[PDB]
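Participant: Dropping a structure here in structure tokens format, bear with me for questions.
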Amino acid sequence: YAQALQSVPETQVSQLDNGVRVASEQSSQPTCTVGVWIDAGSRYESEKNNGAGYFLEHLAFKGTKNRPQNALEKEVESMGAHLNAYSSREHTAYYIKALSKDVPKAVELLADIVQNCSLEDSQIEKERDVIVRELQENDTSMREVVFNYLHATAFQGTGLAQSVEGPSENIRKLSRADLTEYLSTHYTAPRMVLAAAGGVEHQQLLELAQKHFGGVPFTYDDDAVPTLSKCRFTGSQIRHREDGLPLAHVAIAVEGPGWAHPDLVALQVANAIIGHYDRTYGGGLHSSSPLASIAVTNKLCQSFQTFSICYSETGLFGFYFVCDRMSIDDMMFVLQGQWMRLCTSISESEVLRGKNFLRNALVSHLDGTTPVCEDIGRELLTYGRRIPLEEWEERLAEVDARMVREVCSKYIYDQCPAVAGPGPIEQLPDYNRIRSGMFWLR
Amino acid sequence: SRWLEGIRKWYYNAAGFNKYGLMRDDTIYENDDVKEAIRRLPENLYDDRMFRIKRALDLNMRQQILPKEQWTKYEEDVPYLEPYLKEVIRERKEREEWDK
Amino acid sequence: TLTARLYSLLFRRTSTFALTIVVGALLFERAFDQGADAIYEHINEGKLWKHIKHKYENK
Amino acid sequence: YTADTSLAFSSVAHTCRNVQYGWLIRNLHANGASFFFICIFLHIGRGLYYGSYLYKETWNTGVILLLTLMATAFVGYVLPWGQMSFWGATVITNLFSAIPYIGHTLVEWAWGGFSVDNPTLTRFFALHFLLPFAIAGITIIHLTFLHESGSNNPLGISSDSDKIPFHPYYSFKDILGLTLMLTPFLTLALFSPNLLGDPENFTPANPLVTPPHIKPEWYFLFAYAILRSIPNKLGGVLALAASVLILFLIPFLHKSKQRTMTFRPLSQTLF
Amino acid sequence: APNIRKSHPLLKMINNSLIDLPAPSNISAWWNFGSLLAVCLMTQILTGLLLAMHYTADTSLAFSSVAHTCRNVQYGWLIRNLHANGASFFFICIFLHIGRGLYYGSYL
Amino acid sequence: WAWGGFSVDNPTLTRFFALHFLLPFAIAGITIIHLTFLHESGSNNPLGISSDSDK
Amino acid sequence: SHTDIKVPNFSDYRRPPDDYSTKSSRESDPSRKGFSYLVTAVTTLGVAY
Ligand code: HEM
Ligand code: HEM
Ligand code: HEM
């Protein structure tokens, strides 16, 4: 095992005279996946700019000036390659998966997109109504509105509070211009990363990129990367009620440290302890995760998930459960009790497993090419370089009990949480109560 | 000589249940009739009233009212339940009668 | 940074809080009495026996 | 305390001069009686004008609470056996005398034998000791019936729309009230102890000296008044009885289509 | 509700403790003491209260206040007796009540 | 301190009388709690085996 | 659509002077809780007396 890790090939990295960082992991696999990952999200938008990046995503594929829609689509389909992508609050990306016999072709396709989207005044107007619709579909997914609302209130009044898709007004009116304005402002080499994994050999990649990414920086701005305005967390709640729904959704959380910070490992290990449930499990005997056990014994919920979603300089460490109108309270009671237990009286027997369960994730985090690429893409972009499983190992292979406590309690104990809840939530006690559910009557 | 219409308007503004933003009908005490009555009320209205009533409890909870602008004007008060409440009461008196 | 020092050291742990509610009480008692008595007695000079005492216990 | 014509008055006095902090305890108890009525009177009020009384059962028991709290406070004031204690007992008790036929025989049995004397101080003391526990008993029933329905509120319209956990909030709220109202109690209790107490009740009871102006404690006056309003001794008692018992009728005299009278300026002045 | 004996906040308390209350069929006669113990209490409190109404609690009047209660207070003698002897009925019962529980493991 | 001051004398007859008058009501109070807890479970029975079979 | 919803402004309106964006709320609140709890700590204290 340790050897298996030790024998895992290093991930080549190198920046251009441009600013783009080109990294990759050579394997053998006849297939592979390459793509660019941008240092851009909704976080970077304005009150009037917000949604661009997304409006933009829906056009990124519909063709370039160098080769219109009918073609781009035809050329990719024709080579059996897959082009897909996404955009969060601080992180966007476009990736392709082909037979590593096409690094050069893929690489070119990529560039041609992150640099020359047609932005056909005629296509735009179409996607405009496609989103407004797609948006009204994202809506009934109470599992997502809830998180949005969480962020909303959690980081109320700041860039983070804005949802990645954006208001209908913005989408109804963004101009062919604004989109261009968003592209030419954030899609710059210094903030972008060209990553890959497969049978591809670094050099052929570099050159190929160094060839199609012919960007040139004049001034110093171009060459530099602007740091964002800090986001203020706020212990608060938001309740979107409607007994009209089948069941309720709840999400509570404290502020997170941020990528850079190490503790995100100990903290990542703690969540592995409370883990997650889901009525399709087979386990009233689930190892620890009493929250799950209890959830089963007393029928506390349909499911729940522990999460340490983080950003550049902040984040959200919390949990979210889906439950029936009548078991909302106990569930919250029992869970919120686990955080305390977590940081007030944890045990080695627990952390031991915690670790293992993580390591197994940590590894399956890299199952395939597309996913690996995702790490290189991210890692660089958010951490600075790449963290080898061999490393993550140690980092989280030396977390003892006392370590979990010290930290969890450092981030959870007597902190003013941020809760959000849509659906039939009459039974969810007031803030004050969930608040004083943040300190154990030790 | 003195319009009941002049009066009614006096009392309306006198009562003051509008400074809280709620219709006349939003104040009728919920005895048996009003209970049946409200249950027949269309959903549009039910939720409308529900919010109003809660927005009023909250003002009252804060010891603060609603800005003059938002005060419901006498002539715009919508008797949303009276029609219903009425049938309920005569439906009942019909039965209170037959059973004799 | 008293307030902050305070929280960290005294008000964070349910244990610590109670413990300073006591030590805090002992000190409050002793100080609050003297002070009150003082204020009281002074507003009444030469009236209390504690004041008239000496005349008959010699003086 | 000692409940005997020959030791009562002084047992109390002794309690004040000899029993450590005895003086304070007596004061608190005496003055407390008033804090009690002032509150019970503001409690009635609130209900009378938020139509809290529409919760009949919880309200009817409340009337029983008032009657009980009275009795216990009438028979409790005799105990110190001072001029008013005695004379008050003799005049107010003798009232039943008006009740035709089975009248005299009641009073004449109520207290000892022929007049407020030892055999009644005892039964009064006993009664005084017992009733308060009955108050507490019933007070439980009161809150039970209450809890059946929610608690009423100022705007008199369904609160379901948004309730709040008692403790986090109201516990704090009430404890605040407790101090805000308990401070005057003590200021009064500690600075003007006798502010509300008849001096004539510092003279050991003496059956050969009827004081001028025999009147029950303030919290009874309003009725003492309505009592001597109608001349015909009989009717007088009835007026008295009705002055309180009318409370049982309040729920049947409610006509407003609205519960409270927040939005009822007219009746508001009437109130 | 129909019954109007199972809906009322107070009757429902009684109809659930002295009626409609599920009791085993084979209950022994030893179970008759809880009952007795309770009525034993009602009795004491009564006779006592009624007896306290003639007592004086003072070194110089106690003994005779009781004596007087017996020689002067109508049916006073009976009341004292019942109260005194009742004290015993009380313990005899409470002792048989313990017993029954000790050997039916009621204490579990 | 229990009794009066230095020996069972007047100051204790009083507090005893008082105590005597008070406690019985506390008995009744608690007696309610007793029956409450009881009622939680059924009533036990001589053969010590589940009575549910027929109450 | 929920995306169309913002949280009103409590800024100034209610927030204590150590709370206005672009500044970590956390550096300033162990101080904020310190005060409150101090007030409570004092009451328990005064009350015991
Ligand atoms: C010593 C006896 C009494 C005590 C301790 C007592 C106690 C209470 C309590 C604990 C409440 C809840 C809080 C509130 O609404 O104020 C209450 C409610 C109530 N009491 Fe009493 N009460 C007493 C006497 C009375 C009297 C005399 C009346 C009747 C004339 C009365 C009428 C009510 C009613 C109607 C409610 C209030 C319902 C509402 O408006 O929400 N109570 N009482
Ligand atoms: C004056 C106080 C007491 C009274 C009035 C009282 C009353 C009762 C009542 C009403 C019952 C129900 C009938 C029965 O099972 O006998 C009961 C049950 C019980 N009491 Fe008591 N009790 C008293 C004292 C005690 C004592 C001293 C004990 C404990 C040592 C005790 C133990 C029990 C238990 C275990 C049950 C019986 C459960 C069973 O076997 O079915 N009780 N009591
Ligand atoms: C729990 C029930 C009670 C028990 C176990 C009990 C037991 C006794 C006992 C042992 C005596 C002595 C009888 C004697 O002189 O030989 C007594 C006396 C007395 N009890 Fe109780 N008692 C009870 C309740 C009460 C209550 C509640 C009152 C009235 C409020 C009361 C008032 C007295 C009085 C005045 C005496 C003195 C008169 C006398 O002893 O004849 N008793 N009681």
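Letters A, B, ... mark the chains of the structure tokens in the order given; residue numbers begin at 1 per chain; ligand numbers begin at 1, in order shown.
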Taking only C-alpha atoms into account, what are the residues of chain E at most 7 Å from chain D, put as JSON, numbers by chain?

Facilitator: {"E": [9, 52, 53, 54, 56, 57, 58]}

Participant: Please write the residues from the selection above to a file, keeping N, CA, C and O atoms, as a CSV table (one decimal), in the first residue's frame.

Facilitator:
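Done, and the output landed in selection_5.csv:
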chain,number,residue,atom,x,y,z
E,9,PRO,N,-60.8,17.6,29.6
E,9,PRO,CA,-59.5,17.6,30.3
E,9,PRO,C,-59.4,17.0,31.7
E,9,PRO,O,-58.3,16.5,32.1
E,52,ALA,N,-57.4,19.7,64.6
E,52,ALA,CA,-56.5,20.9,64.7
E,52,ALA,C,-57.2,22.1,65.1
E,52,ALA,O,-56.7,23.0,65.7
E,53,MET,N,-58.5,22.1,64.7
E,53,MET,CA,-59.4,23.3,64.9
E,53,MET,C,-59.7,23.5,66.4
E,53,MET,O,-60.4,24.4,66.7
E,54,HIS,N,-59.2,22.6,67.3
E,54,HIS,CA,-59.4,22.8,68.7
E,54,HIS,C,-58.2,22.7,69.5
E,54,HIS,O,-58.2,22.9,70.7
E,56,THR,N,-54.2,23.8,70.7
E,56,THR,CA,-53.3,25.0,70.9
E,56,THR,C,-51.9,24.5,71.0
E,56,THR,O,-51.7,23.5,71.8
E,57,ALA,N,-51.0,25.1,70.3
E,57,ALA,CA,-49.7,24.6,70.3
E,57,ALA,C,-48.8,25.4,71.3
E,57,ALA,O,-48.0,26.2,70.8
E,58,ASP,N,-48.9,25.2,72.6
E,58,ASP,CA,-48.1,25.9,73.5
E,58,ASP,C,-47.9,25.1,74.8
E,58,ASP,O,-48.9,24.6,75.4

Participant: Pull the strand (DSSP E) assignments for segment 38-107 of chain A out of DSSP run on the backbone, and list those residues as JSON, numbers by chain.

Facilitator: {"A": [38, 82, 83, 84, 85, 86, 87, 92, 93, 94, 95, 96, 97, 98]}

Participant: Take the residues that were just selected and, keeping C-alpha atoms, output them as a tab-separated table (two decimals), in the first residue's frame.

Facilitator:
chain	number	residue	atom	x	y	z
A	38	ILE	CA	-10.44	28.84	-14.47
A	82	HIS	CA	-16.54	14.18	-24.75
A	83	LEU	CA	-16.71	17.91	-23.89
A	84	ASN	CA	-18.30	18.87	-20.57
A	85	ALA	CA	-17.80	21.45	-17.81
A	86	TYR	CA	-19.07	23.55	-14.90
A	87	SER	CA	-18.78	26.70	-12.77
A	92	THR	CA	-14.94	27.09	-13.46
A	93	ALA	CA	-13.66	24.47	-15.86
A	94	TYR	CA	-14.04	22.91	-19.33
A	95	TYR	CA	-12.73	19.45	-20.04
A	96	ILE	CA	-12.54	16.94	-22.85
A	97	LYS	CA	-12.03	13.22	-22.78
A	98	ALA	CA	-10.54	11.48	-25.80

Participant: Can you work out which residues from chain A touch chain C at a cut-off of 8 Å (counting only C-alpha atoms) and hand them back as a list in words?

Facilitator: residues 414, 440, 441 and 442 of chain A

Participant: Please identify all residues of chain D having at least one atom at most 12 Å from any atom of chain G, considering only C-alpha atoms, and return them as a PyMOL selection string.

Facilitator: chain D and resi 172+175-176+179

Participant: Quick one: residues within 9 Å of ligand 3, with only C-alpha atoms and all ligand atoms, as a PyMOL selection string?

Facilitator: (chain D and resi 126+129-130) or (chain E and resi 40-57+62-63+65-67+69-70+77+79-81+83-88+90-91) or (chain F and resi 17-18+20-25+27-28)

Participant: Would you mind listing the residues within 7 Å of ligand 2, counting only C-alpha atoms and all ligand atoms, as an MDAnalysis selection string?

Facilitator: (chainID E and resid 30:35 37:38 41 94 97:98 100:101 104 106:107) or (chainID F and resid 27 31 34:35 38 43:45)

Participant: Quick check, in Å to one decimal: how far apart do atom CA of residue 96 of chain E and atom CA of residue 29 of chain E lie?

Facilitator: 10.9 Å

Participant: What does the distance between atom CA of residue 64 of chain D and atom 28 (C, counted along the ligand's line) of ligand 1 come to in Å, to one decimal place?

Facilitator: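 Between these atoms lies a distance of 8.0 Å.
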
Participant: I need the chain A residues near chain B as a list in words; criterion: at most 12 Å, counting only C-alpha atoms.

Facilitator: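 Here is what falls inside 12 Å: residues 241, 242, 243 and 244 of chain A.
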
Participant: Can you tell me how far atom CA of residue 51 of chain F sits from atom CA of residue 24 of chain E, in Å to one decimal?

Facilitator: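 Interatomic distance, atom CA of residue 51 of chain F to atom CA of residue 24 of chain E: 5.4 Å.
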
Participant: Within 12 Å of chain D, which residues of chain A show up when using only C-alpha atoms, listed as a short mmCIF file (atom, residue, chain, number, x, y, z; two decimals) with N, CA and C atoms, in the first residue's frame?

Facilitator:
data_model
loop_
_atom_site.label_atom_id
_atom_site.label_comp_id
_atom_site.auth_asym_id
_atom_site.auth_seq_id
_atom_site.Cartn_x
_atom_site.Cartn_y
_atom_site.Cartn_z
N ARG A 241 -40.71 28.74 4.42
CA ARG A 241 -41.71 27.75 4.79
C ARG A 241 -42.83 27.53 3.81
N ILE A 425 -41.56 23.25 8.01
CA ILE A 425 -40.66 23.34 9.13
C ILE A 425 -41.20 23.96 10.42
N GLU A 426 -42.51 23.88 10.64
CA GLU A 426 -43.08 24.45 11.85
C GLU A 426 -42.46 23.89 13.10
N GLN A 427 -42.06 22.63 13.07
CA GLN A 427 -41.48 22.03 14.25
C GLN A 427 -40.02 22.42 14.54
N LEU A 428 -39.35 23.09 13.61
CA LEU A 428 -37.96 23.45 13.87
C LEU A 428 -37.92 24.59 14.88
N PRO A 429 -37.37 24.33 16.08
CA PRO A 429 -37.27 25.32 17.17
C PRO A 429 -36.61 26.63 16.71
N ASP A 430 -36.72 27.70 17.51
CA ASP A 430 -36.17 29.00 17.14
C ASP A 430 -34.64 29.02 17.10
N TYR A 431 -34.07 30.12 16.61
CA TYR A 431 -32.63 30.24 16.50
C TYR A 431 -32.01 30.09 17.85
N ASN A 432 -32.46 30.91 18.79
CA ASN A 432 -31.93 30.86 20.14
C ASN A 432 -31.69 29.44 20.59
N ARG A 433 -32.67 28.57 20.36
CA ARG A 433 -32.54 27.19 20.78
C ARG A 433 -31.44 26.45 20.03
N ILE A 434 -31.50 26.40 18.70
CA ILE A 434 -30.44 25.70 17.99
C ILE A 434 -29.12 26.37 18.37
N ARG A 435 -29.19 27.61 18.81
CA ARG A 435 -27.97 28.32 19.15
C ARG A 435 -27.34 27.73 20.39
N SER A 436 -28.12 27.63 21.45
CA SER A 436 -27.63 27.07 22.70
C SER A 436 -27.49 25.57 22.58
N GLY A 437 -27.53 25.09 21.34
CA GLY A 437 -27.36 23.68 21.08
C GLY A 437 -25.95 23.62 20.55
#

Participant: Using only C-alpha atoms, what table do you get, as CSV, when you list each residue of segment 183-250 of chain A with an atom no more than 9 Å from segment 24-43 of chain G, its nearest pair of atoms, and their distance in Å rounded to one decimal, rows by chain then rising number?

Facilitator:
residue,atom,partner,partner_atom,distance
A:230,CA,G:24,CA,7.3
A:231,CA,G:24,CA,7.2
A:232,CA,G:24,CA,5.4
A:233,CA,G:25,CA,6.0
A:234,CA,G:25,CA,7.1

Participant: List as a tab-separated table every residue of chain B that is in contact with chain D, defined as an atom at most 9 Å from one of its atoms (using only C-alpha atoms), together with the nearest atom pair and the distance in Å rounded to one decimal, sorted by chain and then rising number.

Facilitator:
residue	atom	partner	partner_atom	distance
B:11	CA	D:265	CA	8.3
B:12	CA	D:263	CA	8.9
B:14	CA	D:265	CA	6.7
B:15	CA	D:263	CA	4.2
B:16	CA	D:263	CA	5.8
B:17	CA	D:263	CA	5.8
B:26	CA	D:157	CA	7.9
B:27	CA	D:157	CA	6.2
B:28	CA	D:258	CA	5.1
B:29	CA	D:258	CA	4.8
B:30	CA	D:157	CA	7.7
B:50	CA	D:161	CA	6.9
B:51	CA	D:161	CA	8.0
B:53	CA	D:161	CA	7.4
B:54	CA	D:161	CA	5.6
B:56	CA	D:155	CA	8.2
B:57	CA	D:155	CA	7.2
B:58	CA	D:162	CA	8.8
B:60	CA	D:155	CA	7.6

Participant: Suppose we keep N, CA, C and O atoms; can you now write the selection as a PDB file, in the first residue's frame?

Facilitator:
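Result written to selection18.pdb:
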ATOM      1  N   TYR B  11     -65.450  55.002  12.498  1.00  0.00           N
ATOM      2  CA  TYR B  11     -65.089  53.848  13.286  1.00  0.00           C
ATOM      3  C   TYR B  11     -63.928  53.060  12.678  1.00  0.00           C
ATOM      4  O   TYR B  11     -62.991  52.697  13.378  1.00  0.00           O
ATOM      5  N   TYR B  12     -63.980  52.797  11.376  1.00  0.00           N
ATOM      6  CA  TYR B  12     -62.911  52.037  10.723  1.00  0.00           C
ATOM      7  C   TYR B  12     -61.566  52.632  11.084  1.00  0.00           C
ATOM      8  O   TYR B  12     -60.703  51.959  11.620  1.00  0.00           O
ATOM      9  N   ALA B  14     -61.081  54.611  13.336  1.00  0.00           N
ATOM     10  CA  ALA B  14     -60.980  54.689  14.787  1.00  0.00           C
ATOM     11  C   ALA B  14     -60.410  53.393  15.335  1.00  0.00           C
ATOM     12  O   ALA B  14     -59.461  53.419  16.103  1.00  0.00           O
ATOM     13  N   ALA B  15     -60.996  52.266  14.933  1.00  0.00           N
ATOM     14  CA  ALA B  15     -60.554  50.954  15.379  1.00  0.00           C
ATOM     15  C   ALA B  15     -59.056  50.864  15.249  1.00  0.00           C
ATOM     16  O   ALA B  15     -58.362  50.659  16.235  1.00  0.00           O
ATOM     17  N   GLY B  16     -58.551  51.008  14.030  1.00  0.00           N
ATOM     18  CA  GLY B  16     -57.113  50.981  13.827  1.00  0.00           C
ATOM     19  C   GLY B  16     -56.488  49.675  13.402  1.00  0.00           C
ATOM     20  O   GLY B  16     -55.274  49.585  13.247  1.00  0.00           O
ATOM     21  N   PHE B  17     -57.311  48.662  13.188  1.00  0.00           N
ATOM     22  CA  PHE B  17     -56.789  47.378  12.796  1.00  0.00           C
ATOM     23  C   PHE B  17     -56.171  47.404  11.447  1.00  0.00           C
ATOM     24  O   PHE B  17     -55.810  46.373  10.924  1.00  0.00           O
ATOM     25  N   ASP B  26     -59.927  39.994   8.852  1.00  0.00           N
ATOM     26  CA  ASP B  26     -58.751  39.394   9.469  1.00  0.00           C
ATOM     27  C   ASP B  26     -58.832  39.522  10.986  1.00  0.00           C
ATOM     28  O   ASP B  26     -57.905  39.170  11.698  1.00  0.00           O
ATOM     29  N   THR B  27     -59.934  40.028  11.498  1.00  0.00           N
ATOM     30  CA  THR B  27     -59.999  40.197  12.924  1.00  0.00           C
ATOM     31  C   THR B  27     -61.165  39.500  13.557  1.00  0.00           C
ATOM     32  O   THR B  27     -61.203  39.363  14.769  1.00  0.00           O
ATOM     33  N   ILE B  28     -62.121  39.045  12.759  1.00  0.00           N
ATOM     34  CA  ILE B  28     -63.279  38.401  13.358  1.00  0.00           C
ATOM     35  C   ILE B  28     -62.831  37.241  14.222  1.00  0.00           C
ATOM     36  O   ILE B  28     -61.989  36.455  13.810  1.00  0.00           O
ATOM     37  N   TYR B  29     -63.366  37.177  15.443  1.00  0.00           N
ATOM     38  CA  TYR B  29     -63.029  36.108  16.374  1.00  0.00           C
ATOM     39  C   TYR B  29     -63.454  34.772  15.796  1.00  0.00           C
ATOM     40  O   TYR B  29     -64.601  34.610  15.392  1.00  0.00           O
ATOM     41  N   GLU B  30     -62.524  33.818  15.781  1.00  0.00           N
ATOM     42  CA  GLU B  30     -62.761  32.489  15.232  1.00  0.00           C
ATOM     43  C   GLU B  30     -63.697  31.514  15.981  1.00  0.00           C
ATOM     44  O   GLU B  30     -63.240  30.492  16.489  1.00  0.00           O
ATOM     45  N   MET B  50     -53.233  34.448   5.930  1.00  0.00           N
ATOM     46  CA  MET B  50     -52.250  33.847   6.824  1.00  0.00           C
ATOM     47  C   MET B  50     -51.069  34.780   7.010  1.00  0.00           C
ATOM     48  O   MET B  50     -50.678  35.074   8.126  1.00  0.00           O
ATOM     49  N   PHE B  51     -50.493  35.238   5.907  1.00  0.00           N
ATOM     50  CA  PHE B  51     -49.366  36.145   5.984  1.00  0.00           C
ATOM     51  C   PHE B  51     -49.760  37.431   6.680  1.00  0.00           C
ATOM     52  O   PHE B  51     -49.080  37.876   7.604  1.00  0.00           O
ATOM     53  N   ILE B  53     -52.145  38.118   8.807  1.00  0.00           N
ATOM     54  CA  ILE B  53     -52.213  37.862  10.235  1.00  0.00           C
ATOM     55  C   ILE B  53     -50.861  37.685  10.913  1.00  0.00           C
ATOM     56  O   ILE B  53     -50.656  38.152  12.028  1.00  0.00           O
ATOM     57  N   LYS B  54     -49.917  37.033  10.259  1.00  0.00           N
ATOM     58  CA  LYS B  54     -48.622  36.865  10.902  1.00  0.00           C
ATOM     59  C   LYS B  54     -47.844  38.173  10.892  1.00  0.00           C
ATOM     60  O   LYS B  54     -47.164  38.493  11.853  1.00  0.00           O
ATOM     61  N   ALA B  56     -48.980  40.974  11.233  1.00  0.00           N
ATOM     62  CA  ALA B  56     -49.584  41.811  12.256  1.00  0.00           C
ATOM     63  C   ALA B  56     -49.077  41.409  13.626  1.00  0.00           C
ATOM     64  O   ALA B  56     -48.740  42.257  14.434  1.00  0.00           O
ATOM     65  N   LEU B  57     -49.020  40.108  13.883  1.00  0.00           N
ATOM     66  CA  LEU B  57     -48.522  39.605  15.155  1.00  0.00           C
ATOM     67  C   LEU B  57     -47.088  40.062  15.363  1.00  0.00           C
ATOM     68  O   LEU B  57     -46.680  40.368  16.472  1.00  0.00           O
ATOM     69  N   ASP B  58     -46.318  40.101  14.286  1.00  0.00           N
ATOM     70  CA  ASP B  58     -44.926  40.506  14.368  1.00  0.00           C
ATOM     71  C   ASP B  58     -44.772  41.996  14.666  1.00  0.00           C
ATOM     72  O   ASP B  58     -43.904  42.397  15.438  1.00  0.00           O
ATOM     73  N   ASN B  60     -47.002  43.848  16.179  1.00  0.00           N
ATOM     74  CA  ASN B  60     -47.436  43.851  17.563  1.00  0.00           C
ATOM     75  C   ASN B  60     -46.393  43.314  18.529  1.00  0.00           C
ATOM     76  O   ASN B  60     -46.294  43.750  19.671  1.00  0.00           O
TER      77      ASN B  60
END

Participant: With DSSP run on the backbone, what are the alpha helix (DSSP H) residues within chain C? I'd like them as number ranges by chain.

Facilitator: C: 2-6, 14-42, 49-56
